[PDB]
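Shown next as structure tokens: one chain only, the form deposited in one PDB entry.
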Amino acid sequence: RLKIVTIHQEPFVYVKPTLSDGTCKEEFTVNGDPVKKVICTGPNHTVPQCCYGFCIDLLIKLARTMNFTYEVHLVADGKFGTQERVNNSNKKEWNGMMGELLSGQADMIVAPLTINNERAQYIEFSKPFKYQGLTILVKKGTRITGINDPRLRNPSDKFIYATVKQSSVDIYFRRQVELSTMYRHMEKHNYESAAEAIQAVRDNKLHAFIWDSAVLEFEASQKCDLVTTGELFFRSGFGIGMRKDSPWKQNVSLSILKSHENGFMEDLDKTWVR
């Protein structure tokens, strides 16, 4: 029985209260297909909640394909995962879903988890289940000219930009020499969650949110006051995360490749994203 960790992140993972009997409300897609829901425990002291979306569908497919049972919980600290110094020593540790997987609190990460060199040093990623990149979310009418725009390059309190703390976006800005000026600004303004940042853009408390295009393009498709700015840096992928010791690693990647090849992954897009 696999411990799955995930994270709230529409449209990959919706998180809703249970009904009073502790079950999940029967709901249906646009096309009349039943929305598949799983009980996921998470913080408020954990309580049972209802989880669904692209990644939950994918989990269900993997579990059925490879013949495993599971229980899903939401990452305790609410973060994706970065590697941080311990106790002003030279030793580092991962937080977020990365940390839970490494510690054994999870056996698998099933989430919009960015595949990159730094995480791949510690965990195993599947082949990508989705290809995407970064973009910037702004209010309609804000006309950001890309990364070199003077509001980003020469920051002031007049135009606030930020990302999510303890995501790979945070660490990318922390580590790239060319982003040192941007990082010093964002460090003052980073949010705990994407959902909070997204609302802050709508509420004009944040002017630009730098985040995953899979997520931000979906937000802009649902909310006509919000727009994105196109590809920001290089392209990236989301992958299933597993320990190096996992016996499941080959079959997870084979099932992802199968699901791309037979149209299942594209069908998840049509359901949750388009």
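A residue's number is simply how far along the shown sequence it sits, counting from 1. Rigid core: the largest C-alpha set superposing within 1.5 Å between the two forms.
Flanks modelled, residue 90 absent in at least a third of other entries: Looking at the other entries that model residues on either side of it, residue 90 is missing from at least a third.
Sequence continuity check, residue 222 and residue 223 (deposited residues unmodelled): According to the record, the chain runs unbroken from residue 222 to residue 223.
Stretch with the higher entry mean CA B-factor, where the candidates are 65 to 73 and 27 to 35: Mean C-alpha B-factor is greater for 27 to 35.
Of 93 to 101 and 108 to 116, the one with larger mean CA B-factor: That would be 93 to 101.
Residue with maximal Cα B-factor (values as given in the PDB entry) among 123, 195, 144, 169: The listed residue with the largest C-alpha B-factor is 144.
From 82, 181, 148, 135, residue of greatest CA B-factor: Comparing C-alpha B-factors across 82, 181, 148, 135, the top value belongs to 148.
Cα B factor band for residue 165 (lowest, middle or highest third within the chain): Tercile = middle for this residue's CA B-factor.
Chain third (lowest, middle, highest) by recorded CA B-factor, residue given as residue 130: Within its chain, residue 130 is a lowest-third residue by C-alpha B-factor, going by the deposited values.
Residue 226 CA temperature factor, ranked by third within the chain: Within its chain, residue 226 is a highest-third residue by C-alpha B-factor, going by the deposited values.
Chain-relative CA temperature factor third for residue 266: Middle third, going by the recorded CA B-factors of the chain.
Third of chain Cα B-factors occupied by residue 247: Within its chain, residue 247 is a middle-third residue by C-alpha B-factor, going by the deposited values.
What comes next is about the form deposited in another entry, which is not displayed.
Shifted position (C-alpha, 2 Å or more, core held fixed) between the shown form and the other one, chosen from 35, 63, 232, 38: Just 232.
Residue 87 C-alpha shift between the shown form and the other one of 2 Å or more, rigid core reference: Yes, shifts by 2 Å or more.
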